[PDB]
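*Asks:* This is the content of structure.pdb (PDB, C-alpha atoms):
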ATOM      1  CA  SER A   1      14.145  -8.014 -83.988
ATOM      2  CA  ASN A   2      17.125  -6.884 -81.871
ATOM      3  CA  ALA A   3      20.492  -7.707 -83.419
ATOM      4  CA  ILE A   4      23.411  -7.715 -81.252
ATOM      5  CA  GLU A   5      24.147 -10.136 -84.048
ATOM      6  CA  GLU A   6      25.106  -7.034 -86.064
ATOM      7  CA  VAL A   7      27.257  -5.779 -83.104
ATOM      8  CA  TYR A   8      29.102  -9.152 -83.008
ATOM      9  CA  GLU A   9      30.068  -8.868 -86.676
ATOM     10  CA  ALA A  10      30.878  -5.222 -86.270
ATOM     11  CA  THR A  11      33.265  -6.168 -83.485
ATOM     12  CA  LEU A  12      34.770  -8.880 -85.685
ATOM     13  CA  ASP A  13      35.268  -6.145 -88.318
ATOM     14  CA  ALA A  14      36.880  -3.889 -85.712
ATOM     15  CA  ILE A  15      39.157  -6.710 -84.402
ATOM     16  CA  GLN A  16      40.503  -7.355 -87.858
ATOM     17  CA  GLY A  17      41.232  -3.739 -88.726
ATOM     18  CA  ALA A  18      42.355  -2.747 -85.238
ATOM     19  CA  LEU A  19      44.510  -5.822 -84.639
ATOM     20  CA  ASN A  20      45.328  -7.401 -87.992
ATOM     21  CA  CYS A  21      45.464 -11.140 -87.006
ATOM     22  CA  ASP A  22      44.031 -13.946 -89.128
ATOM     23  CA  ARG A  23      40.811 -15.005 -87.337
ATOM     24  CA  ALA A  24      38.774 -14.059 -84.292
ATOM     25  CA  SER A  25      35.888 -15.342 -82.143
ATOM     26  CA  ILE A  26      33.401 -14.259 -79.553
ATOM     27  CA  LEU A  27      32.035 -16.562 -76.961
ATOM     28  CA  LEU A  28      29.583 -16.221 -74.097
ATOM     29  CA  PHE A  29      28.499 -18.430 -71.192
ATOM     30  CA  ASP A  30      25.272 -20.290 -71.396
ATOM     31  CA  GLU A  31      23.154 -21.178 -68.322
ATOM     32  CA  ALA A  32      25.171 -24.294 -67.903
ATOM     33  CA  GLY A  33      28.379 -22.286 -67.286
ATOM     34  CA  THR A  34      29.939 -23.387 -70.600
ATOM     35  CA  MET A  35      31.439 -20.929 -73.115
ATOM     36  CA  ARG A  36      29.697 -21.016 -76.525
ATOM     37  CA  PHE A  37      30.590 -19.336 -79.878
ATOM     38  CA  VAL A  38      28.213 -16.500 -80.677
ATOM     39  CA  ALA A  39      30.345 -15.156 -83.604
ATOM     40  CA  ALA A  40      33.333 -16.288 -85.667
ATOM     41  CA  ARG A  41      35.488 -15.389 -88.651
ATOM     42  CA  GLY A  42      37.043 -17.409 -90.351
ATOM     43  CA  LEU A  43      37.629 -20.431 -88.185
ATOM     44  CA  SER A  44      35.962 -23.321 -89.906
ATOM     45  CA  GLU A  45      32.800 -25.152 -88.918
ATOM     46  CA  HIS A  46      34.905 -28.206 -88.306
ATOM     47  CA  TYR A  47      37.073 -26.363 -85.695
ATOM     48  CA  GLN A  48      34.162 -24.644 -83.977
ATOM     49  CA  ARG A  49      32.386 -27.958 -83.606
ATOM     50  CA  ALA A  50      35.470 -29.647 -82.116
ATOM     51  CA  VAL A  51      35.909 -26.857 -79.573
ATOM     52  CA  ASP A  52      32.466 -25.492 -78.744
ATOM     53  CA  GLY A  53      31.987 -26.961 -75.307
ATOM     54  CA  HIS A  54      35.509 -26.386 -74.035
ATOM     55  CA  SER A  55      37.607 -23.459 -72.893
ATOM     56  CA  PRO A  56      37.237 -20.978 -69.932
ATOM     57  CA  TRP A  57      38.050 -18.903 -67.787
ATOM     58  CA  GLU A  63      40.321 -12.084 -61.580
ATOM     59  CA  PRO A  64      39.426 -11.419 -65.344
ATOM     60  CA  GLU A  65      42.626 -10.733 -67.293
ATOM     61  CA  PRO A  66      43.978 -11.404 -70.792
ATOM     62  CA  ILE A  67      45.755 -14.649 -71.682
ATOM     63  CA  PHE A  68      48.238 -15.013 -74.527
ATOM     64  CA  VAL A  69      49.483 -18.217 -76.105
ATOM     65  CA  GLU A  70      52.494 -16.945 -78.124
ATOM     66  CA  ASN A  71      52.950 -20.500 -79.291
ATOM     67  CA  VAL A  72      50.579 -23.488 -78.849
ATOM     68  CA  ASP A  73      53.669 -25.778 -78.755
ATOM     69  CA  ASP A  74      55.205 -23.961 -75.808
ATOM     70  CA  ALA A  75      51.681 -24.277 -74.358
ATOM     71  CA  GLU A  76      50.063 -26.348 -71.613
ATOM     72  CA  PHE A  77      46.988 -27.646 -73.466
ATOM     73  CA  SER A  78      45.585 -31.159 -73.766
ATOM     74  CA  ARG A  79      46.869 -33.183 -76.803
ATOM     75  CA  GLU A  80      43.114 -33.506 -77.620
ATOM     76  CA  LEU A  81      42.343 -29.814 -77.646
ATOM     77  CA  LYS A  82      45.798 -29.138 -79.132
ATOM     78  CA  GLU A  83      45.492 -31.132 -82.319
ATOM     79  CA  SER A  84      42.154 -29.375 -82.921
ATOM     80  CA  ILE A  85      44.038 -26.054 -82.755
ATOM     81  CA  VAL A  86      46.999 -27.169 -84.775
ATOM     82  CA  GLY A  87      44.538 -28.886 -87.167
ATOM     83  CA  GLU A  88      42.816 -25.563 -87.899
ATOM     84  CA  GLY A  89      46.196 -23.976 -88.649
ATOM     85  CA  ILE A  90      46.492 -21.898 -85.462
ATOM     86  CA  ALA A  91      49.943 -21.190 -83.957
ATOM     87  CA  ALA A  92      49.010 -18.489 -81.417
ATOM     88  CA  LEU A  93      46.095 -17.103 -79.393
ATOM     89  CA  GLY A  94      44.874 -14.103 -77.518
ATOM     90  CA  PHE A  95      42.100 -14.437 -74.961
ATOM     91  CA  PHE A  96      40.285 -11.235 -73.957
ATOM     92  CA  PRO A  97      37.640 -11.125 -71.216
ATOM     93  CA  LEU A  98      34.232  -9.583 -71.480
ATOM     94  CA  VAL A  99      32.645  -8.425 -68.242
ATOM     95  CA  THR A 100      29.555  -6.666 -66.737
ATOM     96  CA  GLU A 101      29.836  -5.206 -63.312
ATOM     97  CA  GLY A 102      33.203  -7.063 -63.201
ATOM     98  CA  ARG A 103      31.392 -10.423 -63.893
ATOM     99  CA  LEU A 104      33.074 -12.495 -66.474
ATOM    100  CA  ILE A 105      30.373 -12.939 -69.169
ATOM    101  CA  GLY A 106      32.465 -14.371 -71.942
ATOM    102  CA  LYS A 107      35.495 -13.564 -73.996
ATOM    103  CA  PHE A 108      36.746 -12.738 -77.346
ATOM    104  CA  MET A 109      39.625 -14.413 -79.033
ATOM    105  CA  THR A 110      42.191 -13.645 -81.658
ATOM    106  CA  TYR A 111      43.977 -16.334 -83.561
ATOM    107  CA  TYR A 112      47.294 -16.341 -85.512
ATOM    108  CA  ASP A 113      48.665 -18.762 -88.026
ATOM    109  CA  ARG A 114      52.279 -18.127 -87.075
ATOM    110  CA  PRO A 115      53.462 -17.801 -83.389
ATOM    111  CA  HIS A 116      53.003 -14.208 -82.151
ATOM    112  CA  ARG A 117      54.177 -11.799 -79.462
ATOM    113  CA  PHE A 118      51.761  -9.073 -78.400
ATOM    114  CA  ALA A 119      52.551  -5.363 -78.329
ATOM    115  CA  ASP A 120      51.193  -3.099 -75.552
ATOM    116  CA  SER A 121      49.403  -1.134 -78.268
ATOM    117  CA  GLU A 122      47.612  -4.225 -79.625
ATOM    118  CA  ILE A 123      46.697  -5.414 -76.177
ATOM    119  CA  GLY A 124      45.395  -1.869 -75.503
ATOM    120  CA  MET A 125      43.283  -1.756 -78.605
ATOM    121  CA  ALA A 126      42.165  -5.333 -77.866
ATOM    122  CA  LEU A 127      41.091  -4.248 -74.349
ATOM    123  CA  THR A 128      39.215  -1.248 -75.684
ATOM    124  CA  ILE A 129      37.347  -3.561 -78.122
ATOM    125  CA  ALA A 130      36.330  -5.909 -75.253
ATOM    126  CA  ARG A 131      35.225  -2.962 -73.221
ATOM    127  CA  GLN A 132      32.838  -1.781 -75.874
ATOM    128  CA  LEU A 133      31.351  -5.228 -76.590
ATOM    129  CA  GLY A 134      30.800  -5.679 -72.875
ATOM    130  CA  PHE A 135      28.868  -2.399 -72.749
ATOM    131  CA  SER A 136      27.069  -3.043 -76.012
ATOM    132  CA  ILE A 137      25.783  -6.398 -74.637
ATOM    133  CA  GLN A 138      25.039  -4.766 -71.236
ATOM    134  CA  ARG A 139      22.857  -2.108 -72.848
ATOM    135  CA  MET A 140      21.220  -4.153 -75.513
ATOM    136  CA  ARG A 141      20.237  -7.011 -73.215
ATOM    137  CA  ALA A 142      19.077  -4.558 -70.548
ATOM    138  CA  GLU A 143      16.478  -2.259 -71.934
ATOM    139  CA  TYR A 144      15.135  -5.200 -74.007
ATOM    140  CA  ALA A 145      14.604  -6.642 -70.527
ATOM    141  CA  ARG A 146      12.975  -3.248 -69.739
ATOM    142  CA  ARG A 147      11.037  -2.353 -72.860
ATOM    143  CA  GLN A 148       8.706  -4.949 -71.386
ATOM    144  CA  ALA A 149       7.660  -3.940 -67.902
TER     145      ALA A 149
ATOM    146  CA  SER B   1      12.743  -0.351 -82.640
ATOM    147  CA  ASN B   2      16.335   0.684 -83.744
ATOM    148  CA  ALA B   3      17.064   1.474 -80.233
ATOM    149  CA  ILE B   4      20.844   1.405 -80.986
ATOM    150  CA  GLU B   5      20.793   4.545 -79.251
ATOM    151  CA  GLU B   6      22.220   1.686 -77.114
ATOM    152  CA  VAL B   7      25.234   1.302 -79.352
ATOM    153  CA  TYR B   8      25.744   5.059 -78.895
ATOM    154  CA  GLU B   9      25.453   4.909 -75.097
ATOM    155  CA  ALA B  10      27.825   1.826 -74.981
ATOM    156  CA  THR B  11      30.320   3.775 -77.020
ATOM    157  CA  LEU B  12      30.070   6.709 -74.704
ATOM    158  CA  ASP B  13      30.611   4.156 -71.905
ATOM    159  CA  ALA B  14      33.703   2.799 -73.627
ATOM    160  CA  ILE B  15      34.959   6.311 -74.394
ATOM    161  CA  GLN B  16      34.834   7.219 -70.685
ATOM    162  CA  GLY B  17      36.411   4.070 -69.436
ATOM    163  CA  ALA B  18      39.142   3.878 -72.101
ATOM    164  CA  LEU B  19      40.047   7.593 -72.328
ATOM    165  CA  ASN B  20      39.295   9.444 -69.112
ATOM    166  CA  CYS B  21      38.303  12.783 -70.830
ATOM    167  CA  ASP B  22      35.730  15.186 -69.456
ATOM    168  CA  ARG B  23      32.838  15.002 -71.899
ATOM    169  CA  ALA B  24      32.240  13.225 -75.194
ATOM    170  CA  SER B  25      29.801  13.194 -78.211
ATOM    171  CA  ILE B  26      28.850  11.463 -81.487
ATOM    172  CA  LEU B  27      27.737  13.379 -84.567
ATOM    173  CA  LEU B  28      26.541  12.084 -87.930
ATOM    174  CA  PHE B  29      25.748  13.663 -91.310
ATOM    175  CA  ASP B  30      22.182  14.423 -92.113
ATOM    176  CA  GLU B  31      20.590  14.602 -95.503
ATOM    177  CA  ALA B  32      21.416  18.296 -95.884
ATOM    178  CA  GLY B  33      25.100  17.341 -95.503
ATOM    179  CA  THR B  34      25.068  18.998 -92.120
ATOM    180  CA  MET B  35      26.684  17.315 -88.977
ATOM    181  CA  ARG B  36      24.360  16.598 -86.092
ATOM    182  CA  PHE B  37      24.701  15.340 -82.516
ATOM    183  CA  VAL B  38      23.059  11.903 -82.036
ATOM    184  CA  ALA B  39      24.461  11.364 -78.512
ATOM    185  CA  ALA B  40      26.483  13.147 -75.843
ATOM    186  CA  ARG B  41      27.616  13.724 -72.311
ATOM    187  CA  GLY B  42      27.832  16.313 -70.598
ATOM    188  CA  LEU B  43      27.573  18.810 -73.399
ATOM    189  CA  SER B  44      24.601  21.088 -72.956
ATOM    190  CA  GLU B  45      21.904  21.403 -75.637
ATOM    191  CA  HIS B  46      22.758  25.034 -75.775
ATOM    192  CA  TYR B  47      26.167  23.976 -76.988
ATOM    193  CA  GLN B  48      24.727  21.415 -79.306
ATOM    194  CA  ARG B  49      22.381  23.850 -81.093
ATOM    195  CA  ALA B  50      25.213  26.353 -81.038
ATOM    196  CA  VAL B  51      27.723  24.414 -83.031
ATOM    197  CA  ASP B  52      25.993  22.180 -85.484
ATOM    198  CA  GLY B  53      27.351  22.578 -89.006
ATOM    199  CA  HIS B  54      31.152  22.503 -89.214
ATOM    200  CA  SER B  55      32.770  19.346 -90.437
ATOM    201  CA  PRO B  56      36.503  19.868 -90.135
ATOM    202  CA  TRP B  57      36.807  17.816 -93.293
ATOM    203  CA  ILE B  58      35.413  17.440 -96.819
ATOM    204  CA  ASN B  62      37.637  12.228 -98.765
ATOM    205  CA  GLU B  63      40.709  10.871 -96.797
ATOM    206  CA  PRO B  64      40.368  11.902 -93.094
ATOM    207  CA  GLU B  65      42.707  11.952 -90.137
ATOM    208  CA  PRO B  66      42.112  12.727 -86.503
ATOM    209  CA  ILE B  67      42.368  16.405 -85.547
ATOM    210  CA  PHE B  68      43.581  17.543 -82.114
ATOM    211  CA  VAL B  69      43.142  20.874 -80.367
ATOM    212  CA  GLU B  70      45.210  21.018 -77.211
ATOM    213  CA  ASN B  71      44.312  24.551 -76.195
ATOM    214  CA  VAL B  72      41.340  26.300 -77.650
ATOM    215  CA  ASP B  73      42.984  29.637 -77.154
ATOM    216  CA  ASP B  74      45.674  28.582 -79.487
ATOM    217  CA  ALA B  75      43.325  27.143 -82.225
ATOM    218  CA  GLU B  76      42.241  28.410 -85.715
ATOM    219  CA  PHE B  77      38.603  29.258 -84.873
ATOM    220  CA  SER B  78      36.238  31.955 -85.973
ATOM    221  CA  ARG B  79      35.399  34.316 -82.976
ATOM    222  CA  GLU B  80      31.902  32.945 -82.765
ATOM    223  CA  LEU B  81      32.903  29.261 -82.640
ATOM    224  CA  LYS B  82      35.754  29.747 -80.215
ATOM    225  CA  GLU B  83      33.314  31.695 -78.034
ATOM    226  CA  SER B  84      30.931  28.782 -78.256
ATOM    227  CA  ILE B  85      33.505  26.276 -77.061
ATOM    228  CA  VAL B  86      34.977  28.313 -74.219
ATOM    229  CA  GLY B  87      31.571  29.476 -73.011
ATOM    230  CA  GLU B  88      30.612  25.819 -72.795
ATOM    231  CA  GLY B  89      33.610  25.446 -70.529
ATOM    232  CA  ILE B  90      35.814  23.338 -72.916
ATOM    233  CA  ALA B  91      39.634  23.871 -73.359
ATOM    234  CA  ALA B  92      40.685  20.943 -75.538
ATOM    235  CA  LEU B  93      39.097  18.655 -78.097
ATOM    236  CA  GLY B  94      39.671  15.572 -80.220
ATOM    237  CA  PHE B  95      37.952  14.829 -83.491
ATOM    238  CA  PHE B  96      37.942  11.245 -84.728
ATOM    239  CA  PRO B  97      36.264  10.603 -88.070
ATOM    240  CA  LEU B  98      33.578   7.960 -88.464
ATOM    241  CA  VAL B  99      33.833   6.156 -91.761
ATOM    242  CA  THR B 100      31.859   3.461 -93.576
ATOM    243  CA  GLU B 101      32.849   1.870 -96.887
ATOM    244  CA  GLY B 102      35.554   4.513 -97.233
ATOM    245  CA  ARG B 103      33.478   7.601 -96.584
ATOM    246  CA  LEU B 104      32.909  10.071 -93.778
ATOM    247  CA  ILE B 105      29.663   9.587 -92.010
ATOM    248  CA  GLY B 106      30.247  11.570 -88.932
ATOM    249  CA  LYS B 107      32.638  12.056 -86.098
ATOM    250  CA  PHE B 108      33.027  11.481 -82.399
ATOM    251  CA  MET B 109      34.566  13.980 -80.059
ATOM    252  CA  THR B 110      36.422  13.928 -76.805
ATOM    253  CA  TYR B 111      36.385  17.189 -74.871
ATOM    254  CA  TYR B 112      38.646  18.277 -72.016
ATOM    255  CA  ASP B 113      37.767  21.153 -69.676
ATOM    256  CA  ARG B 114      41.499  22.157 -69.351
ATOM    257  CA  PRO B 115      44.307  21.962 -71.911
ATOM    258  CA  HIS B 116      45.379  18.543 -73.004
ATOM    259  CA  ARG B 117      48.224  16.881 -75.006
ATOM    260  CA  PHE B 118      47.144  13.731 -76.761
ATOM    261  CA  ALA B 119      49.098  10.611 -75.783
ATOM    262  CA  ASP B 120      49.626   8.099 -78.602
ATOM    263  CA  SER B 121      48.159   5.327 -76.583
ATOM    264  CA  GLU B 122      44.786   7.212 -76.139
ATOM    265  CA  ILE B 123      44.694   8.197 -79.793
ATOM    266  CA  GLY B 124      45.066   4.485 -80.629
ATOM    267  CA  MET B 125      42.393   3.533 -78.172
ATOM    268  CA  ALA B 126      40.059   6.292 -79.665
ATOM    269  CA  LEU B 127      40.614   5.228 -83.274
ATOM    270  CA  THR B 128      39.794   1.713 -82.280
ATOM    271  CA  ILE B 129      36.484   2.807 -80.873
ATOM    272  CA  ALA B 130      35.792   4.996 -83.900
ATOM    273  CA  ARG B 131      36.226   1.933 -86.191
ATOM    274  CA  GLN B 132      33.883  -0.023 -84.067
ATOM    275  CA  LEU B 133      31.190   2.694 -84.223
ATOM    276  CA  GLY B 134      31.586   2.782 -87.988
ATOM    277  CA  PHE B 135      31.142  -0.906 -88.272
ATOM    278  CA  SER B 136      28.286  -1.039 -85.854
ATOM    279  CA  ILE B 137      26.494   1.611 -87.875
ATOM    280  CA  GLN B 138      27.367   0.012 -91.249
ATOM    281  CA  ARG B 139      25.834  -3.282 -90.149
ATOM    282  CA  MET B 140      22.962  -2.156 -88.093
ATOM    283  CA  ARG B 141      21.256   0.123 -90.706
ATOM    284  CA  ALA B 142      22.281  -2.507 -93.329
ATOM    285  CA  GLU B 143      19.972  -4.885 -91.434
ATOM    286  CA  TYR B 144      17.201  -2.299 -91.111
ATOM    287  CA  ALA B 145      17.479  -1.506 -94.820
ATOM    288  CA  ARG B 146      17.648  -5.136 -95.947
ATOM    289  CA  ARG B 147      14.203  -5.706 -94.470
ATOM    290  CA  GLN B 148      12.528  -4.040 -97.433
TER     291      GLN B 148
END
Just give me the structure as structure tokens.
*Replies:*
Amino acid sequence: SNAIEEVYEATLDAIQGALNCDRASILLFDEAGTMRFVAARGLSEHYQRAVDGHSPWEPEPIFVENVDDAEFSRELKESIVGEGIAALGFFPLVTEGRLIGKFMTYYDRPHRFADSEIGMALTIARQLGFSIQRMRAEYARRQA
Amino acid sequence: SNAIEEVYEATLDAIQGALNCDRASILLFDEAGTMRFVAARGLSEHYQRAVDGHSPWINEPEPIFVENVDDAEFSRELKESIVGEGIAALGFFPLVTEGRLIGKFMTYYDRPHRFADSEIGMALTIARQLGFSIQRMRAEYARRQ
């Protein structure tokens, strides 16, 4: 049965070669409008639990170069620091310009982002977006 | 029900959006060791039948660029095949899984073209992601045995 689950891990593979940071995640909206993990590596189960209900959201990247110099809640923040995360990249996934979810990169030390990384990161998010668009779609259609 | 002909089409989507070239394709090895189109746009079938075979490589592969066909190292026949298709420039990016060549994906340009570092980086990125998508997706199909 259809495994975009294999595409998610593939993308996690590609993120870690392409962008050489310590962990990564993919999340997508559920019907409630809340972002949910569909794929991770290697953030712990304890962190993903803490955070699952909480992030979002015209669709552009977001970079926390240091969680300290960062306007988060002290609640959310100790979760992040607790996991051993010092920096974060948020990268939108879209269909038809609809925000559909995001992927995330995580760093143990603070981090500044090159144009080249951001570019690769954007190309990754582009492909996932289309992968999900096409896999979802004609599984919708291989029915009618 | 491996319709990840959808992974191929998505890739072709990403190739177009990330690299603004004129045409693109994916080719994979077959059991005779020969390279074979598995997806493309807008190459013609005539072209595709025409040029199966050549694998610019044979254990540690880099991208190959051809900025002007007229200035490339091609046998008469194979240069005639490209130009008659209407192509002037091409990019070969190896597809690799577990440290081995499995295929390639190609960007084509109808007029000469110098390859900007940025687009090379983008292209490589996509080439990794195809590799990995293939690695994992047939891995799943095989597992179920």
*Asks:* Could you give me, as a list in words, the residues within 12 Å of residue A:48, counting all atoms listed in the file and dropping anything in the same chain fewer than 6 positions from it?
*Replies:*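 Contacts, in chain order: residues 24, 25, 26, 27, 35, 36, 37, 38, 39, 40, 41, 42, 54, 55, 81, 84, 85, 87 and 88 of chain A.
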*Asks:* Could you name the residues that touch residue A:115 at 9 Å or less, counting all atoms listed in the file, but leaving out those on the same chain fewer than 5 positions away, as a PyMOL selection string?
*Replies:* chain A and resi 69-72+90-93
*Asks:* Go through B:25, B:55, B:100, B:110 one by one, measure the shortest atom-to-atom distance of each to chain A using all atoms listed in the file, and give the residue with the smallest value.
*Replies:*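 Of the candidates, the smallest distance to chain A is held by B:100.
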*Asks:* Could you list the residues chosen by the PyMOL selection byres ((chain B) within 8 of (chain A)) in this structure as a PyMOL selection string?
*Replies:* chain B and resi 1-2+4+6-7+9-11+13-14+18+121+124-125+128-129+131-132+135-136+139-140+143
*Asks:* Counting all atoms listed in the file, select every polymer residue within 9 Å of (29.6, 20.3, -85.6) as defined in the file's coordinates, and provide the selection as a list in words.
*Replies:* residues 27, 34, 35, 36, 37, 48, 50, 51, 52, 53, 54, 55, 56 and 107 of chain B
*Asks:* Will you model N, CA and C atoms for stretch 8-27 of chain A and pass it back as a PDB file, in the coordinates of the input?
*Replies:*
ATOM      1  N   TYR A   8      28.031  -8.105 -82.955  1.00  0.00           N
ATOM      2  CA  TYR A   8      29.102  -9.152 -83.008  1.00  0.00           C
ATOM      3  C   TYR A   8      29.948  -9.084 -84.267  1.00  0.00           C
ATOM      4  N   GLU A   9      29.315  -8.918 -85.424  1.00  0.00           N
ATOM      5  CA  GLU A   9      30.068  -8.868 -86.676  1.00  0.00           C
ATOM      6  C   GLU A   9      30.840  -7.582 -86.798  1.00  0.00           C
ATOM      7  N   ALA A  10      30.204  -6.507 -86.328  1.00  0.00           N
ATOM      8  CA  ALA A  10      30.878  -5.222 -86.270  1.00  0.00           C
ATOM      9  C   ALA A  10      32.177  -5.390 -85.504  1.00  0.00           C
ATOM     10  N   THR A  11      32.124  -6.064 -84.367  1.00  0.00           N
ATOM     11  CA  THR A  11      33.265  -6.168 -83.485  1.00  0.00           C
ATOM     12  C   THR A  11      34.293  -6.993 -84.178  1.00  0.00           C
ATOM     13  N   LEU A  12      33.837  -8.060 -84.842  1.00  0.00           N
ATOM     14  CA  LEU A  12      34.770  -8.880 -85.685  1.00  0.00           C
ATOM     15  C   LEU A  12      35.449  -8.031 -86.780  1.00  0.00           C
ATOM     16  N   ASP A  13      34.687  -7.127 -87.401  1.00  0.00           N
ATOM     17  CA  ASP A  13      35.268  -6.145 -88.318  1.00  0.00           C
ATOM     18  C   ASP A  13      36.344  -5.318 -87.582  1.00  0.00           C
ATOM     19  N   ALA A  14      35.984  -4.759 -86.439  1.00  0.00           N
ATOM     20  CA  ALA A  14      36.880  -3.889 -85.712  1.00  0.00           C
ATOM     21  C   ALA A  14      38.154  -4.651 -85.260  1.00  0.00           C
ATOM     22  N   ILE A  15      37.983  -5.866 -84.739  1.00  0.00           N
ATOM     23  CA  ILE A  15      39.157  -6.710 -84.402  1.00  0.00           C
ATOM     24  C   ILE A  15      40.121  -6.880 -85.563  1.00  0.00           C
ATOM     25  N   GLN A  16      39.599  -7.064 -86.764  1.00  0.00           N
ATOM     26  CA  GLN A  16      40.503  -7.355 -87.858  1.00  0.00           C
ATOM     27  C   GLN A  16      41.174  -6.128 -88.467  1.00  0.00           C
ATOM     28  N   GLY A  17      40.554  -4.969 -88.362  1.00  0.00           N
ATOM     29  CA  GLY A  17      41.232  -3.739 -88.726  1.00  0.00           C
ATOM     30  C   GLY A  17      42.190  -3.375 -87.603  1.00  0.00           C
ATOM     31  N   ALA A  18      41.620  -3.146 -86.420  1.00  0.00           N
ATOM     32  CA  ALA A  18      42.355  -2.747 -85.238  1.00  0.00           C
ATOM     33  C   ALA A  18      43.598  -3.582 -84.969  1.00  0.00           C
ATOM     34  N   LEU A  19      43.513  -4.893 -85.165  1.00  0.00           N
ATOM     35  CA  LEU A  19      44.510  -5.822 -84.639  1.00  0.00           C
ATOM     36  C   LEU A  19      45.108  -6.747 -85.664  1.00  0.00           C
ATOM     37  N   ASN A  20      44.613  -6.715 -86.887  1.00  0.00           N
ATOM     38  CA  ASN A  20      45.328  -7.401 -87.992  1.00  0.00           C
ATOM     39  C   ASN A  20      46.017  -8.763 -87.543  1.00  0.00           C
ATOM     40  N   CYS A  21      45.146  -9.722 -87.251  1.00  0.00           N
ATOM     41  CA  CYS A  21      45.464 -11.140 -87.006  1.00  0.00           C
ATOM     42  C   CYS A  21      44.484 -11.944 -87.892  1.00  0.00           C
ATOM     43  N   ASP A  22      44.610 -13.256 -87.963  1.00  0.00           N
ATOM     44  CA  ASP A  22      44.031 -13.946 -89.128  1.00  0.00           C
ATOM     45  C   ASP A  22      42.548 -14.368 -88.937  1.00  0.00           C
ATOM     46  N   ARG A  23      42.197 -14.760 -87.707  1.00  0.00           N
ATOM     47  CA  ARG A  23      40.811 -15.005 -87.337  1.00  0.00           C
ATOM     48  C   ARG A  23      40.512 -14.604 -85.915  1.00  0.00           C
ATOM     49  N   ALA A  24      39.239 -14.569 -85.581  1.00  0.00           N
ATOM     50  CA  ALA A  24      38.774 -14.059 -84.292  1.00  0.00           C
ATOM     51  C   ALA A  24      37.468 -14.753 -83.876  1.00  0.00           C
ATOM     52  N   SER A  25      37.211 -14.865 -82.570  1.00  0.00           N
ATOM     53  CA  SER A  25      35.888 -15.342 -82.143  1.00  0.00           C
ATOM     54  C   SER A  25      35.352 -14.613 -80.927  1.00  0.00           C
ATOM     55  N   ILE A  26      34.035 -14.673 -80.766  1.00  0.00           N
ATOM     56  CA  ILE A  26      33.401 -14.259 -79.553  1.00  0.00           C
ATOM     57  C   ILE A  26      32.613 -15.419 -78.986  1.00  0.00           C
ATOM     58  N   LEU A  27      32.790 -15.611 -77.681  1.00  0.00           N
ATOM     59  CA  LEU A  27      32.035 -16.562 -76.961  1.00  0.00           C
ATOM     60  C   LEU A  27      31.412 -15.983 -75.694  1.00  0.00           C
TER      61      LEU A  27
END
